[PDB]
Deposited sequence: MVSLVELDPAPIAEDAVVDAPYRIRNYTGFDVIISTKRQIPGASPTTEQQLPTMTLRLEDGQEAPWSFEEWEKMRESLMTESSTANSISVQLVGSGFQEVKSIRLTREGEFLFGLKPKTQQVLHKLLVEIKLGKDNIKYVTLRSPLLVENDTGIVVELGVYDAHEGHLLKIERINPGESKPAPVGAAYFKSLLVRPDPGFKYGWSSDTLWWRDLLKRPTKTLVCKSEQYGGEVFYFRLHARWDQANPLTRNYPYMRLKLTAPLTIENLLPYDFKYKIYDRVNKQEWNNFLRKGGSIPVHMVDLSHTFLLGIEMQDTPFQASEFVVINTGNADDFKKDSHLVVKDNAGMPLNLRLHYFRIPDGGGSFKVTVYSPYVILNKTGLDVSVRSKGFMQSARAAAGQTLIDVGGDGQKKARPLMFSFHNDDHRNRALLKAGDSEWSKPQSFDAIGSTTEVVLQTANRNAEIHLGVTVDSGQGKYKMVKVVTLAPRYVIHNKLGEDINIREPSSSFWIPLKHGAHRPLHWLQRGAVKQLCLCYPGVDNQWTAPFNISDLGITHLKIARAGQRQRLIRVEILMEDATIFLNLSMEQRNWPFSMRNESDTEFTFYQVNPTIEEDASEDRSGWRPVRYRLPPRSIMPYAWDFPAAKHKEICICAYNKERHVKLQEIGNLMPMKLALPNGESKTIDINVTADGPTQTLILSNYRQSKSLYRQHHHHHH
């Protein structure tokens, strides 16, 4: 056999060298030589401190670097030339893997918060020469070389394959102390009009005085615009710059987000969408960013008209990227999404407070597409009306109550049956938190697990309907009464119907047929009836 055990449970450092020089790290016995850009694990087999010497830098070996606390600790490189005090920054981050990541670098950091590879170049602006160039992956950061961050300037460009040149201005920390926020312009090598845009924000602690004497900054590079699609459909979008009059076309799936590097935030630019697979036309342009010269208020809504002409008022959410220096995300969403899960084709109308009732835009027939829904204005007194099949229109229902289940009883046309629906209104899960999801369901659903086919009938009614084994079916039309009931029979002729059982009484109920267990359980405004053969002892 095997040894049965109880389920009880059971290189702590990783050092990277981003200094621009080869380093030698020795404990205060064990040595590790690291090239520039390489990382290696580290363990201590004085206390828990190391000593770092930058090879070929002309700097003394920094002693007594304790690696136990986390944060950014600055050490003074000892041969000061002319009151220059160059600093080595040791950054320690305790990651989620319970491993302290240790970065040896200069205090100037460049953060790539874009989705593409960015090349950072070390530039001598007096000589016109690019000393070195390092690549930064998306979501990563790289520093200027140690020592060179004080004297040399910086340039950024995208990945060469994109054929965009270096930034037309430099990234100089003494200029960034007075002007930390800057749009970085990169001209194209294939089109004079084509111009890639970065947006740079520089940030530091305003209490540390060393940033007035040394580049102790972080330089975050972002996309100036990000477009998120939280509709339940895809769209093709069209960005128009009012200045110099360019238009850029692209595609965006449901749930997706895309960065744009083709617009500058000093220009007024506009968004237009054309939703795919939906009875709506292309939208008009809405102002998603104003310029420094223009004074347009940016649009909070986006109108799409269907093929009949009725409007749908989508909403635009703006989120400023933190530490981004004015770069933002725009999100197109529908304020309501109605899910028709009744099985019957459902018409939805919108009625205002003092306004009249109008039909909803883009209503199709069922297999049921999700229906984007908005009111004509943003009143809390606005309500909606529902119609299921050949039923009468509903009472005014509220789609604003977050986390609510409501029974809706519809009287029906030319008969005395009634349709019973369950309406759930929730907020969308995760990133769809600003979208109110309205599920329309039948209130009663019966499911057959008896092993064979069955016939069901409400006992105040001569109208019977079958139900196959393993098939679920809703119970739409019901006869009027306070308590709702049902009866079962086998499909053989001259078999007898059962006693009536209340289909709204939650719990288990036994029922003899010529023992059947009916369990009755509510789930998201829908009472589910489950029929089964009782495989236990009878209660009497």
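J.: Where along the deposited sequence are residues missing from the model?
T.: Counting from residue 1, the stretches without coordinates are 1 to 2, 13 to 19, 38 to 52, 70 to 83, 405 to 412, 561 to 567, 594 to 717.
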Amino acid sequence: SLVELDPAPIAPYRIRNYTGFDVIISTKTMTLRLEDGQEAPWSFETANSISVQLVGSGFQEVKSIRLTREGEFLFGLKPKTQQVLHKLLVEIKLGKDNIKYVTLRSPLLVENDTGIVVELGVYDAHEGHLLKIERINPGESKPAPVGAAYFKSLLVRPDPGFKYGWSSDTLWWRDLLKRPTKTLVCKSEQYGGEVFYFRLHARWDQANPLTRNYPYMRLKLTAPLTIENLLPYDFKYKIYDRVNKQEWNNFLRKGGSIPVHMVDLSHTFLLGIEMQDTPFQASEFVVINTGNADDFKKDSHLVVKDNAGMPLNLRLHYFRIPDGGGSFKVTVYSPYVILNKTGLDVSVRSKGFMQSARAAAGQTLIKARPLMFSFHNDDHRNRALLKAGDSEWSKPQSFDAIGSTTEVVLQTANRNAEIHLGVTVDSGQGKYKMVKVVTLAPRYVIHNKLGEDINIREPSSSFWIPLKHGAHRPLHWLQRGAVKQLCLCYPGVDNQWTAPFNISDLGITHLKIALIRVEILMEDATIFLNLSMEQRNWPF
From here on, numbers count along this sequence of modelled residues.
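J.: On mean Cα temperature factor in this entry, is 479 to 487 or 63 to 71 the higher one?
T.: Mean CA B-factor is higher for 479 to 487.
J.: On mean C-alpha B-factor from the PDB entry, just flag whether 398 to 406 or 453 to 461 is the higher one.
T.: 453 to 461 has the higher mean C-alpha B-factor.
J.: Could you tell me which one of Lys238, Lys254, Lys80, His201 shows the highest CA temperature factor in the PDB record?
T.: Largest recorded C-alpha B-factor: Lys80.
J.: Whose CA atom has the top B-factor in the entry, of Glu274, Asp294, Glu134, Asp113?
T.: Among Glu274, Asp294, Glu134, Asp113, the PDB entry lists the largest C-alpha B-factor for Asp294.
J.: Would the CA B-factor of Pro442 place it in the lowest, middle or highest third of its chain?
T.: For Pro442, the deposited C-alpha B-factor lands in the lowest third.
J.: In terms of the chain's CA B-factor thirds, is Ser532 lowest, middle or highest?
T.: It belongs to the highest third of the chain when residues are ordered by C-alpha B-factor.
J.: Is the Cα B-factor recorded for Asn448 in the lowest, middle or highest third of its chain?
T.: Tercile = highest for this residue's CA B-factor.
J.: Grab the CA temperature factor for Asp378 from the record and place it in the lowest, middle or highest third of its chain.
T.: Top third by C-alpha B-factor.
J.: Using the B-factors in the PDB entry, rank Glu284's C-alpha atom against the chain and give the third, lowest, middle or highest.
T.: Answer is middle: the recorded C-alpha B-factor places it there.
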